[PDB]
Structures are given as structure tokens and as C-alpha cells.
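Within every chain, numbering begins at 1; the chains are lettered A, B, ... in the order of the sequence lines, protein sequences first and strands thereafter. In what follows, every heavy atom counts, from backbone to side chain, and hydrogens, waters and symmetry copies are set aside.
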Amino acid sequence: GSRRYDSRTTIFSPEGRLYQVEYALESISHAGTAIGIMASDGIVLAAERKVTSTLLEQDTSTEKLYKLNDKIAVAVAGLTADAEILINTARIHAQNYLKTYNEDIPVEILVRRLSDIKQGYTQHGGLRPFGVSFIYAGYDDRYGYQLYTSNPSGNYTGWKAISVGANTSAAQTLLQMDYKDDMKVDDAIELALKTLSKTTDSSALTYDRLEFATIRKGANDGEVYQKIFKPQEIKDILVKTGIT
Amino acid sequence: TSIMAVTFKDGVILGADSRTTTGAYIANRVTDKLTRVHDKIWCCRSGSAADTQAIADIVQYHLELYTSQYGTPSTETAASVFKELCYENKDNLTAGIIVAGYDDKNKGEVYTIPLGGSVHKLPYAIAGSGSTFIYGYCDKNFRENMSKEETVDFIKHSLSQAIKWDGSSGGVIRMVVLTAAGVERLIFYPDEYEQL
Amino acid sequence: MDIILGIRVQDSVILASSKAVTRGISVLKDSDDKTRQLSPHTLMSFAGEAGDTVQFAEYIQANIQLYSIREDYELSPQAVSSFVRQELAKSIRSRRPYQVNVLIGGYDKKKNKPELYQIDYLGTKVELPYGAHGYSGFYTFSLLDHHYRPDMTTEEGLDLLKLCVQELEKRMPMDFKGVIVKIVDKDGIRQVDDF
Amino acid sequence: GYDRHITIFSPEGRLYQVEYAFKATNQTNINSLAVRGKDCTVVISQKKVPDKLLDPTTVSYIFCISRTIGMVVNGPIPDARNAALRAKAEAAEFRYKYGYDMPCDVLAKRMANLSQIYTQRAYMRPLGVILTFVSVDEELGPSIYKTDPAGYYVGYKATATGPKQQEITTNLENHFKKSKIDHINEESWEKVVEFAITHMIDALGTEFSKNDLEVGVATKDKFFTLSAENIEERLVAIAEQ
Amino acid sequence: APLX
Amino acid sequence: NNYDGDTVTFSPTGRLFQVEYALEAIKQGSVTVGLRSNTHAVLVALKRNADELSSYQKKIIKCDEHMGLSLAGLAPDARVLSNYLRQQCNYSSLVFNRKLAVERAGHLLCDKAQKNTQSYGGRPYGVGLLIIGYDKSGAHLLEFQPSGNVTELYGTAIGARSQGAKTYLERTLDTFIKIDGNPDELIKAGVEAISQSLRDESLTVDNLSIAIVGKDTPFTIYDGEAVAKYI
Amino acid sequence: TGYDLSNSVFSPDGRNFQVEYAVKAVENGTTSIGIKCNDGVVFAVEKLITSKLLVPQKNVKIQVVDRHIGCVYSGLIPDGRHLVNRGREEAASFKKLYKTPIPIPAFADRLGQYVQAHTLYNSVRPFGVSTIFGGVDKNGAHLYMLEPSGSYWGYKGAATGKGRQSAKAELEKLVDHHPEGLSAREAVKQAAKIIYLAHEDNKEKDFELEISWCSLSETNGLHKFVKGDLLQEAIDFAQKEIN
Amino acid sequence: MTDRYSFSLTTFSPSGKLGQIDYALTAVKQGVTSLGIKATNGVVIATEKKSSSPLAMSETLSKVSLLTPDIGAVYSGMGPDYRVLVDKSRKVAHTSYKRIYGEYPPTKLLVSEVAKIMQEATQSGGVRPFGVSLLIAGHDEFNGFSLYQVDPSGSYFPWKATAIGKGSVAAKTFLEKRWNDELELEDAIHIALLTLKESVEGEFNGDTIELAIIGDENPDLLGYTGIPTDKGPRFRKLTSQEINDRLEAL
Amino acid sequence: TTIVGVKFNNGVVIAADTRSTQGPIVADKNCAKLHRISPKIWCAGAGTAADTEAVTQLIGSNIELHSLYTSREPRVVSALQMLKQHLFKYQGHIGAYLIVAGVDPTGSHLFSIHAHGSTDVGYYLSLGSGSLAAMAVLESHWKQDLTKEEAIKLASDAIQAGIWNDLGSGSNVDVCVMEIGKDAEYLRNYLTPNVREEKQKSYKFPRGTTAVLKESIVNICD
Amino acid sequence: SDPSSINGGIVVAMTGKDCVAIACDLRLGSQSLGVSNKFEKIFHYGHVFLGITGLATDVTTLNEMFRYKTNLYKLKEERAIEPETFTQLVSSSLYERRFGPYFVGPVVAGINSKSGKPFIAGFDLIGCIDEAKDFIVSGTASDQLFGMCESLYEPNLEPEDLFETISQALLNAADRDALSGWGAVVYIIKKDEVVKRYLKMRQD
Ligand SMILES: [Cl-]
Ligand SMILES: [Cl-]
Ligand SMILES: [Mg+2]
């Protein structure tokens, strides 16, 4: 019968590893680097677009940074199509919670549920896992500013600063070096760009090959604002820090 | 409604009035109640307009699919498909149908299917609300192996009386002739049939 | 079932619920507690169709307790009331709806404010300074309209409540066998034993 | 190499099961041809009856799908009859749902979509058949539309299918270069059938008796197949010219 | 409804 | 070799190896004999034990008052198939007030076994059955194989060394067929038949299992001291 | 390679090896034939007598469908029974909806489409039988033969099994020598002879003859088994011809 | 019976590649060249009509398809896969948008839905990916004109101009030299024809080339008058004659 | 409601009034009862207003997809067949009474559909509460071989009969003309014979008349 | 036991010169018993305003449903939903429950941000869109509101004048209905500012 053609996507190796999860992580390691840095007064999200072409429409484009609700966003590393499936599910989950409790969903609860979906694909169903790693950046009134990551295994962890995708080893060492706890958002913006600039596989870091976003309490009195940076705004912030 | 079908020497003729009723208001005075389900297999519709239309359309579909696989269906076969629909859905249907067709082997045949979904093969059949008033007339005047002209007169005179007494029947008298020669449509207007 | 009352004062919410359980021409019990603790700072009283009331109350209780364990955190009274409303709103278009009316009294620890919510079996939610279900309101509301002030103490609230019970005991046709009174404040939930 | 067993992509982006289904098309070793007249569409196909014990009247690869649509198949008869029954059902359903006769090109597309699903879904194999649909459409006029195991389909001025298809194709190409038109400029369908047989004889280089051929004709409001004597009458007319 |  | 992975695969020579391997499970099973006259039908079965401390595996199962079988091979599969026969016999009685013909019983078993040989995932039944019965057309004996093949016989045997009893019955055919109106003699012939399949072991009191059905005899099984008469 | 390991897989030729392998199982089976006649059809089959212990006349292989169709087959006998059970359901639903008994060509395609469906998926096995069948309907007599692939045609005469070539050769002679037609009673006799002549390819075990027929005049258009005097008469005719 | 293939046929290899997607992209590479160029007041999409036989009527085979009145599509790769995607794309524009909001979807969201369908063929049980890349041009009120590419993986990117298929490498280089942000629609059509001549080998005329535009509203193609707000489709397929007129001044 | 349909020389015309009522109250004094199924197939609807709009949109959507699939202009009989089979399935619970009309490659057509799923053919038809008033006019003035301008006059006159004599109908007359070989022309408010007369007085209040307890700016921005 | 008149309440919407107004009462009751005088029936999603009368549980449920749907709309569309589009969404959502409907009378009001055109619309409980140049009314005093609006309304009123007209329409209508009143709210909506005013009315 059909047994012959089954890859058995949800089994263990002799060493106790999940083949398909490991191979999905290998796929993610070739994807454009995405960095998240958490400051005391906000969060930065920075991500490198995959080898850009000059005829690509840059302003009306979205590859790396997606909005989940008004208080939560994610940076993507991996297959974009897979990520959008998960993103829509996460958006729906957030609205279900708001409908049920009349309160915005706490960040961890959204992350746990999305990670639990990934876990399911590694344990049952016989389907390939989602080739996607997320950096979650969000705010709620319990824990304030929070950074998380999740990977195809469905395992998630919290961070002060973290990278996913390509050159994470080199990127994490650089973040570990210059990061400190009393850091501000504007400093974190500079750290994020400096890290990408040194770890990039390109010749030089430019505005057209980047996506950028911040989550500040920089609105008017006790409320959070999401700023997805425009092309010209990335061009300006790149000059302001002296990279170009 | 007033409807009937009558077998004769050369084949079979179907007959009907053209009245559709919504209460005492005549919703359509020029209705066509004689309906093709196959080239030379037709039916007379009485009861619910919606139910009889929906049934006829399904039968036409079944016989078209039958023809694609097994060739021309018999008149008995067509009547069976009608029966199956009328019998199995008896709780939800108000449909009194007369099925009439012409084979070359079997010549003219008439099958009547009342409310319950039973099947009755007859030399001729009458149905609809107006039929009640012509049971006496039709029984006394029907003969087997009539000519085309005689059968046309028999149906014309019969439906004329049915229309005269039944408020739910009226308009024109439509007829459909089924023979080896082909399919002929006939129409007869009030000014003719009223003064018979 | 029958009489459930609620009063929100300065620093606490007070719920009063009748003790009688009547079936036919017999009072089967005169010490029935028509309430469940949903969380340390949230209390729900209930009245309505026999069986449905307790079944619904305990079902809600289980769900809130499950949430508390999962998140190691207490849901706000507003959040609990919305969850309860949605469950009743689902129920009303079911094959057999829960015929249960509830009051939810809670103390929000983040806001440091008492909160009283009134929800009927249709899923009709309102936040009120004082609330009632059934025929109880037809006497108490007008009485509370007159005597209630928003800055009252818990002791003043209890006296205001005594006035309502006295009016019900005077003009109500049925003997409801007095009330159990419970207070919800910053320190949690406690029962007044002598009322 | 299990990529050659089911319909998934090979490293070079191919579907071998689809390609091998194309080779099953020629397993019967029969050639078919289709041309258009002014008022009609004619399709012809070789008829080979090797076994003496066979009833020749039941051996046929031409099918009457609806009253207006005909279909000839190049490929094994089990798959051919599978396709025929489905086409008949689809054509009948269409008429019931939409209140008018299913056009030839719409039926072709529908059957082509069904074939496409077999190339994408693993559990279903492709049918090893090429389906040529013919009619005189009430909007488009004389029509020839052909379907294959890849799910491809297109309209044709004329077409041919089988082992010696290329020889027949070029023969028809060279005629339409000469005539400078999209069809056979002829009044009667009888002479369009004669044209079809004549050009098949030239391309294949073989003579035909009345039992060596099989003919289908589409006119306005009916498609029909010819009997042996109808073909014999047609063969006599060619010989006497 | 329409009757016949 | 490469064509025995499942029942849905034919070999190049047109064989179904999974069905043949299921047939092999019957050959390993303990011997059981079936034979009939015109008035009665008899089953004899050699029971097998695990060791001296264990019981002897019961081989004969009752299906109705007029029908029953003996088994050789996978006993749980026999339980499934016998249960199906009990239901079919029972359906015939409740709906039609009719005792199920032994021939129809065979046809039903054939069709049930067949479906397990043509679909992916399933497996063939790993048991052979000898069905005896008395219906409106007299005494009957059937042989069931899990390939689906059912055969009506005067006598037969299945299991290990069943060829000996099968040869004996082939010689004795003319004699035992005319044992009419005499149950004990028909059994004696069946006990002598199964004795031709014995090696190193002999028929003891808790080893032998006999069953009989006939004209004025409901299907009944004899075990223990009730078979001491025939040793 | 490995193309032959799974059903519904095309080989590079464009062949389905699993169906061809099912044909080998048919070739291994006993001989069965079908003869079309003036106003009907005749069916016959070889039954190998494996042992003296087989009850004569009581292991019937020819099967009736509805009341006017007969079916015989060679190969895996259970597969044939499964096909006939389906055929009986197909015929019952046809008669239920359309009243008239199912025509033979209509019935042929119902079996054909069902057998063909078992070549479309790897989760099913092809049928290990070639089925000869037919009967009488409104348009007269029809004889059909259906193979594992789902392929079927109409036949003047048909044969399948281990002695198919011998039976075919003998069938071809009847078609040549009788162009106007063969009678029903003659076809029964000829059917016996051909089975006996086809038994030369299976001559270790001796056999038992079984015949059935449908005829407009002789059986009134219904399927019946040939038994008693008419059967013995046909056997004697066959015995005289081999010597 | 029944679909037993409930498992994924596309899986990750040790190196992290998704084989069946890569192989699907290879099939797109073999496919005939198609391109799209975005102008200030419109969008053009074009492709060669590779005829299978000269007896075949290439008019009956449409490589460029209308999805909504303001959105069109073209492809490179496997034609049959494209045809069913157009069917599904047309339907999803109604079921998941028009029947809800009473208006046609914007380009980006319809693209998003097609992308979703193509992603599911990459992960669902018992199916291979689609062997096509799509170029979808369209217009909507709030986003204006736009051009999107959709790959077998389900990934989609917005382009100023691009090409896909056989000679896409050279065709992209050609478009980089010619494209600017001030191009008018007629200028974009001219460049499209120039770019396409490089990849076409045989005959180059209005019968072998298929070309459509997303431009101004066409009231004459609406089919009715009386509703002022309804002004007609922005999608228009250029005729064989209209192409030949522009090939003279080439 | 009053709706009509009239066939003429080279096509068909449909018309309708523009009053919608909840009970004895006029909810909308100028609603549109003429619906587009396809460019050249238009529908006039009476009965339950939500049902007529919903069923015309659903079939209109499916007709568009069908047109794209078949590369053909949609036919009136297809819309008719899809509508009637949908309505019949729901046994009259979808209260949509429709007059369907249009042109297609086959020619010009005019049908009516009742809620239970029965259809009728005719040269002139009327539906709705004012159908009797309309049909009286149609039966009096209709003839064979009408011109375009004659059919529009007859149709609008039939609607007017409903407007004046039926309390369920009122306000204006909408028309749509579908002619063969030409674009269908939708004539919104073709006649407006019920204009409201000038009021005797202005009821513009002095500013400050209404007593106010609280004012506050509402935040609509992010 | 008539779902649309158990709780009571009213909503009215009007158009003016480059502006729109939507207003509602504050009563929520259980038949004769007044229960709440703070029950607002007007909600907004971005710049689009929705008023809902009828069964209060369904009023709350639908608000939560349209908040849900307009939030997902904004995330995917990357822009705020417009009144014309939202009107269609309301209609679709209500008709989805054709044979088990929400017992409501919704009213949409707002200004299109692109064209600047004032827009209002009304629905029955199952989705039938009622578009209007002038005014839309809904609730247990709809007859009274129709009477007030038809007499008081004139076209092209300035925001300050429009406020007086809609306020007087609602107040005097509410005072002839037992199940409506107990306070009132009026929203005046301009292109890029929105003012909310609570009215003083009799409390019986
Ligand atoms: Cl009718
Ligand atoms: Cl399709
Ligand atoms: Mg009052």
C-alpha cells in the first residue's frame, strides 16, 4: 500500500532527536537574520531581508515583521508562507481571548498556544513541521515588555536580547558583549543595527535590505504604540547612527 | 388544474388547461402543464406547481443520463422514475402526474401517478380538480383505437366541460400529440371550446 | 432559589442570598448556601431552575480554578464576568439553555476597587452599585435608590441590607427563611454568621 | 527512486507517472483524426479486430457523450469507458443545473481539470487516455477540443492522435497551408467524411475496407456514428474519383 | 402557493 | 520474497503469499476430522495442550441447534468466524423463521474471508474450519480455507498429518456413507480415521473431542468421560 | 525498477504489471467457456475432481444474476463471487429505479467500471478472475468476457483458463462452419465437447462437467442449469467425439 | 480503498532543503517566459503563446486570465496547474471576500489567498506542490496599482517589474536598465514587447504574443449603464491587431 | 411592492416602485428593487426584502464564476434554474418572489419565480402586493409587437397603477431596459410623481434649546 | 416574550453638511422594571460608528463580534474599515443567522475617509440594508422617531444645528415610549473630530 512512501515525519532517531525538527532548524539557519532587543522603556525588532533585487517594491512589502495585535508583533525567520499560516491563527487566537474576557491577551498565553500548535506537528499527524522561528515582541500589564522565541520543535523561551536565522552564534556573542539592563530604546536601536551590520553576509548594510520596528510607551500617557518603520525612516536611522 | 392523456390507434395524446391558481387569483392564465421529459415521453402536471416542476426536471435529468448509457428509455421506465420520487417523498409532495409516451414496439401508453405515489397503467387517464366533473362524460364516451381526429375531439369536449364547471380550471386547452410521425403541439381558444 | 441581592460600597461588595429550598408545598431545606467562590477575591451567587443553578455555578468554578492554576494568576472580576456572560450567551441558543441568573461580586486587586456585576440567563451583563434578580428588585431597588450612597462603609452597607431584608420579609408572599450574607474585599471573602 | 512511482516531482521537475501514462495511450496501436466542415465536425478512427471470435459491433472507441457531443479515445478501453461514463454524467448534470446543453469546450475543460487532480493527488493514478471531444456548438460552431493525462487541453482547427500521429498532422498542416482557411470548405458532411478518410489514406499509406474504419459525425443538434454500410457507401465514392 |  | 509484504500484492506467477502463509498456520494446527452419512454428520478433533499442567485447547464450536464447526490454526480467528456464523444463523431464524442452509453458511464465510485478501491494512484469517450440519436437504460437511475456498465433501481432514486420515476416508468412502440411523458406528469410523494421523501419541480421555448432528439429534459436543466409550 | 510492487503504478512502458500478474492467476485456473447462439447463450465450466470425497453435482460454480443473466469465471473463485455479489446489487438498483430488468450491455459496464476501479489505487488488489457472462434482453442475446484490467468486449464465443487456446481454436471452427447461426440445443452439446477437448491441458485429475443456458425459446429468456437427461445426452455426445 | 496518503510528500532533507518545492521551481525554469511591468498609471503583463501544434487554435488557450474586474494573472511552468489555480482564485475572491464585503478584494489580499492555497499543497497530505509561478497584476482604490509574484512555496513578493521562466535572468537585467519611476503605461507596453522579443525565437506577432493591461476603467466593457459608481473593469486583454500596431513603431 | 416585466421587439423591460414598508410604516421612501444578476440580466424582487437581495447576490456571484469558467456570457435560463432549485430546497421559507429578465446569446427572456420554486414564462408579468392593479393595466393595454418606447410606457403605467391604488406601493418608478445587441440601461428614478410639498414652517431650533449635562471629545485616532 | 421589546431602547442617525450624527437612549430594563441607566447602545470601530437596539444580550454579543472582525480586517488590510464596507459586513453576518437570528436593529453611521461623504444605514434583524440620505431610526419607539424625524429634518444642517434636531427627535420620541429613555447620548461626527454629549431628559 502507501506505507512504502511514508517518510515518518514524527519519529525519534536512535540518539533521541526528532529528524524533521533538526532539519527544519538547518533550513532556518540560512534565512535572513532577525534580532530582538528588550529595553526598560520599549522593545526593538530588526530583521535583514533576503538578498534583495533592485526592482523589488520596498515600501509596500512585508517579509519579516508582522503585527499580531495592537500590543504584540513578531519577527520571522524561515519559510514566509508557513509563517503566515501561523500568524493568522495567532491573530484569531488573540481576538478569541479579547471576545471571551474583554481584555487584551497576555503575551505568554499567545506564545504558548502558537508553540503548542508547532509541537503537535512533531508528535502526531504525519505531516512536516512548520519551517519557522519567531521572535515575539509584546507588552501587557502583568510583565510589561517581553521578548520570546519559538522554533519548529514548539519550544519557547524568554529573552532580554536574542537573534534567529543566520549567524545567530556570532550575533548572540555581540549582543552578549554590549547589552546591559538599564539600556534605553534608542541605545537598543543602535545595538540592533550594529549587530546586523557586522554579522551580515552582504557587502554593506543599506535601508532597502532591512525591516525595522519598535514597541514603545512613547505615546501619550500609559499606553503602548507600535511603529513599523517606513523605508525613509530606516534610511534616516541608519544615517543617524553613522552606518551609512 | 384539469388534465388528461388518451391512447389511440396511432399513439397517445396529452391534454391540459392553462390555469394556475393562487387562491382565487389567476397567477398565470397561459400556463404550459404539458412537459417534455424525453423526445416522445411527456407528462401532465397537477397539484403544486413548484413540486411538479422540480420532479419533472429531475426525471428529465435521469432519462437524459439513461439515454447516454442505455439508449431510449421505455414509457414504463419513465413512469417508474416519477413513482420513485413521488412515493419516497410522499410526505413533502403534492403532485398528481400523468405520464404518457410513444414506443414503436409498445405504441401509445398512459400511466397515472396520484398523490400517494402508486402507479396505474390505463387506456386513458384524467386528473386534477376539474377531472371530478367529467368522470361520467369520459367513461361514457371513451372508445379504444380511436382516430387522431376523434381523440382530439374527445379531449377537447372533455376539458371543455371540466373548465366550464371547475373555477380552478380555464384559459386555453393545450394538447400534445405523440405518434411515429413525431411531436405535434395543438392549442384551442375559449371562443371555440366554450360554445361546444 | 429566589432571592439574591448585591450591594457595592466604598471598599467591598456584599452579597445576600436566601436560605430556603422549596419543592412543591414543602420547604426541604432552610440553610442552603446559594453561592460559589470562583477565586480568592471573586464570589458568585445564583438563582433559577433547579439543578441548572448548581451545575452551572460549579462548572464556572472549575474553569476559573483551572485558569488560576495554569497561569498562576487571578483573573479580574471584569474578566470573570465576561467569561460567565459568554457562557450564558452560548447557552440561550442551545438545545436546552441554562435557566440561571447570577450576581458576581469581586474585588479588583490591581485597581483596588470593589465591583458588582448582574448577569441574567440570556447573558445580559451590567455593572451596578446595587443589584438583584427575580421579584426581589421590585422592592429593593426603590429602597436603595433612596438610601444608598457611593461612599458608604461595609457596616453602613450591612445596615442598608438589613433594611432590604426587612422589607422583603414584610411584603413578599413566600417565606425564604432569611439570608446568608458574604463580604468581598481586599482581604478576600468572609461570611457574616449572625444575620 | 519512488518519485517515479507516484505523481510527485523528480529532481528535474518532471512527473514520470504522467509521462508513462502518455505511452499507455498508444497501447492499442490505433490512429484517430478529426476535422471541421462548414456545418459539421467529423472524427474518424481505425478499427482493428484481430480475434475472429470477437463481435465486431461491440468493438468501439467512439462514444456518444450527449445528444450534441461525441468523444473518441486513444488508449486502453477500460480507462476509455471510465472517462466516457464520467463525461456522460457531467454533461447530464450540467444541463440539469444550468438549463442548457453543456458546450464541448466546457466539458473538455472539466475533464481536463479532473485529469489535473490525478497529476497532483497521490492516491489517484492518471488515466492512460487522450480524449478528443467534438460537436457543432451553438455559439462557437464546429469544435474540436482534446484532453491528455497531463490535464492539458486546447481547441483545434483539426487534429490527429495515435502512433502515426505526426505523419497525419503534417499532412493536414500542408493542406491548410494550401487552402488558406481554418476548415474544409464543403457543404455536406458526407464529403467532409470523404476528405477525412482520403487524407488518412495518404498519410498512413494504407487502404481501408468498410470494417477497418470507424466514423463519428457531429451536426447541429445531434452527434451520430456511421454503420459499416454508411462507410462502404463513402469508400465507393472516393474510389470513383 | 401556485397550484395547478 | 519481495511480494509477500501484504495481501494486496500479487507475485509475478500470480500467487498471494500472505494467503499462502495463512494456509501454513493451518498445517501447524492439530488434526481434526469430518465425515458424514445420509442421516448424521460427525466431527472428531485431536486437542492439543501446552504441557501436562495445562488444559487441552477446545477445537469444536456450536453455531446453532443444527450446525457447528471444528477449527485448526489461529483459535481467535475461529472465534470471530464462528461468532459471525452464529449471527447469520440467528438472523435467518428471527427474520425468516428459517434454519440457515449449510450451503449458504459456506457462501457467507467465503465472502467474509475474501474481503480480507483484497484490501490494504487487513490480513487473511489464519484458520481452517470443518462445518457440519443437518438442514432441509439432509446431512452436510463443509471444508473452509481462509483463501475463501469452501468445499462440500462426504469426508475430510485438516491440520498436521491430516493426509493419513484423508487417505483412510478415501478408502472407506463406500462403507461409512451408508452408516444410516447409527450414531455410535459413524463416530467409531471417525475415531479410526483420526487414528491414522497419530505419531507417538494415542487417544486419551481428555485428549479426544467428538461432535455430532443429525436427523433427530441436535448439535452436541462430547468431552471428558463421555468419549471413553470410543477409546 | 520496483514498478511491479504496487497496484496503479505505470511502468516506463505504460503498463500496470500488477494487473498482468493477476492475469497469471486467471491462466492458472480451470477452463470455462461461453457460446452465443440463435436466441441466447450457453455457459460451461471444468470442475477438477481433486478427490473421491467431493460430493458430485454439489459444488456449483456457475452463478445467476437477477433472473436472466448467467456468470462463470476462471481464476481465484472467491474474487469471482465478490464480483457477482456486486453485479447482483447493480442489477437490483437498476430494476428498482427503472423497473425493467437490466440489459446485458448495461450490466457489462457495471462490472467493467467496478473492476476498472480496482486498478486505480494501490490500496486495493486487482481481480484475479476473467469472467464470462451474458443473457437475453429486449434486444436479443449477448455474450461478454471481462478481464482483470476491466477490459470487456462482446463475443460470438469466449474462453478462459488453462485450456483457453484449445477452446478458442475449437470455437473459431464453429463460427466458420455456422455463419447463419447455431441453435441452443446444439450449443449445449458443443459446449460439452469443447470442455472435454480443453481437458487435455489438465488431464492428471479427471473432471466434472457443468453447463447452463439462457434461451428465448428453450428457457423462456431465463437462466437455467442443464441437468438430468439433457446433461447426460451432452456428455455422451462429448464422449463419442474424443474417441 | 480511500486516500491512504494522509502524510506529507514534501519533507525537509538533512541539508534543510524542501525537495519538492525546489523541483517545482525547476519545472518553472523550464516554462515559457512571462513578465510584468508596473507603470505610474497602469500595469502590463505579457507572455509568449507556445503553440503545441500549428493545427491547434492558440486563441482557445488563454495564458493571461481575468481573476476580478481589476485583477489579472499570468504564469510560467505547468499550464494545467495554472488553470485550476485560476478557477480556485476566482472562487475564493467571492467566497472569502465579495460575499462578505459586497466588493472585490484588493490585489494583495487575493494574492494572499492564492499563496495560502499553494502553501497547503506544500504541507497537506498526499499532494505535490503546484509547478507554477504566478505574476498577478491589479488595482484597488486604496493601494493603487500593484504587481506580485507568487512561487510554489506560497511565498509572494511585490515588484516594480520582473520576469519568470525560461529567459528570466536576461529579461530581469533588461528591465533594470529600462525601468524608471516616471514610466507611463504606453512606455511600459513598449518595454514589455522589447523584453519579450529577446526570449522569443520563432514568429513574433499579435497571434504568438499574449498581453493584457491593468489601466483606466472601461465603461464600454461594463455591459450596462445607469449606475454612476460602477464605471467598468480596469483589466483589458489587448487584441491581436492592437499588438501589431505597436510592433511597427518598435 | 409593485414590480412588472414587459417583452418588446428587440428585448425586454422591467420596472418597479420604490417604497419599502415595515407594517403600516414606510421605512424607505426610495429603495432600489431592481437588482443586477449579470450585466445584461436584471431582477425585480418582492416579498421579504433581505431574501430577495441575498438570493439575487448569491446567484449573481455564482453566475459570474460560471461565466468565467465557461468563457461565455451568462444565460437567463441558468439564473432561472439556479434560483428555482435554491428556493425549492428551502420550501418557501426564503420569501423571495422575483421577476427575472435579460438578454443573452440565445435571445431575450422574461420569467417570474415564486418563493416555493415554481417558474412562469410570459410576455408580460407582475408580482407583489400591487400586482393586481398592475396586471389590470397590462391586460388592458398590452399587445403583440410592442416598440421599445411603447413597452417603457406600458411598464411604468402598470407600476403607477400600483403606486396610486396599492397602499403597499408608492413613491417613484425605477426602470431597466435590456435590448439585444446593446448595453442594458438602468433608469433609476425614471419617474418621480410623489415629490414632498414645501413645509409650512421651518423647525430649526434656536441654539441652546436642548439641555446638556456633559460634553467630551471622542478619540477616533490610534 | 417578544425578544425585541424585553429590554427596550432606541437609536437614531442623521446626516448634515459634511457631518453625521448618531444618538441613543441609556435605558436597559426587564419589561416594566428599569434595571440600568448607563447602557450605551452606540459603539465604534475606528471612525465607523454602530448603534444597536433590541435584545441586550445580542447587542453586547454583536459589538464583541464586530470588534473581533474589524480588528482582523485592519491587521490584514493594513487600513481602517470604511462605513460602506462595514455596512456590508453587518448585513452578511446577520443573514448568516437567517433561521436563528440576532434580535437586533443595527444602525451604521460615519464619514468615508477617502471621499469625505457622510454615510448612514439601517438593517432589520436578518440583514436587509436600508440606505438613506436623511435619517435612520430603530428601536421600541421607532414609530415616534419616524414621526419626529420626518417633520423636524431638513437637509444640509451644520453640526451645531444638526445636534439640536437629532436631540429633539430622540428626546420627544423617548418620552412617548415606556421602554425608552432614562438618559441619552448624542455623537456629532466631523471629518477628523468627534464630540459626544450627554443630554438632560426626564427620568420616568
Ligand atoms: Cl406550472
Ligand atoms: Cl472543475
Ligand atoms: Mg417610569
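Between the side chains of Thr119(G) and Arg125(D), a donor-acceptor pair is found at a separation under 3.5 Å. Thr68(D) and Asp101(D) are not linked by any side-chain donor-acceptor pair at a separation below 3.5 angstrom, with hydrogens and angles left out of the test. A donor atom on one side chain and an acceptor atom on the other are found under 3.5 Å apart for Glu214(D) and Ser60(D). Residues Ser32(D) and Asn74(D) bring a donor and an acceptor atom of their side chains to less than 3.5 Å of each other. Counting only N and O atoms by type, the side chains of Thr219(G) and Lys224(G) include no donor and acceptor under 3.5 Å apart.
For the pair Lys109(D) and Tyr69(I), the cation-pi criterion (under 6.0 Å, within 45° of the ring axis) is fulfilled. By the 6.0 Å and 45° rule, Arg81(D) stacks over the aromatic ring of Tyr152(G).
Looking only at side-chain heavy atoms (C-beta outward), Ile102(G) and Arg110(G) come within less than 4.5 Å of each other. Between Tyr73(G) and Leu146(G) there is no side-chain heavy-atom pair separated by less than 4.5 Å.
For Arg36(B), the CZ atom sits in a packed shell: over 12 heavy atoms of surrounding residues, nucleotides or ligands are nearer than 6.0 Å. Within 6.0 Å of NZ on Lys9(B) lie no more than 12 heavy atoms contributed by other residues, nucleotides or ligands. Around atom CG of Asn220(G), no more than 12 heavy atoms belonging to other residues, nucleotides or ligands sit under 6.0 Å away.
One finds no salt bridge joining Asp104(B) and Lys40(B) here, because no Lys/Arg side-chain nitrogen approaches an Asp/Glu carboxylate oxygen to under 4.0 Å. Salt bridge status for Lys96(G) with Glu84(B): present, with a side-chain N to carboxylate O gap under 4.0 Å. Using a 4.0 Å cut-off between a side-chain N of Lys or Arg and a carboxylate O of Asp or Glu, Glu138(D) and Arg75(I) qualify as a salt bridge.
Between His118(G) and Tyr114(G), the angle of the ring planes goes over 60°, which puts this pair in the perpendicular group of the 30/60° scheme. Between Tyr70(B) and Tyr66(B), the ring-plane angle classifies as perpendicular under the 30° and 60° cut-offs. Ring geometry for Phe127(G) against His82(G) counts as tilted: the plane angle lies between 30° and 60°, on a 0 to 90° scale.
Note: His62(B) and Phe82(B) fail the aromatic proximity criterion, with ring centroids not under 6.0 Å apart.
Checking each of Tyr144(G), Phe133(G), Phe94(G) against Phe107(G) for a ring pair (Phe, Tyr, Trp, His ring centres under 6.0 Å) leaves exactly one that passes, namely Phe133(G).
In this structure, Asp39(D) and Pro142(D) approach most closely via the heavy-atom pair C-CG, 4.4 Å.
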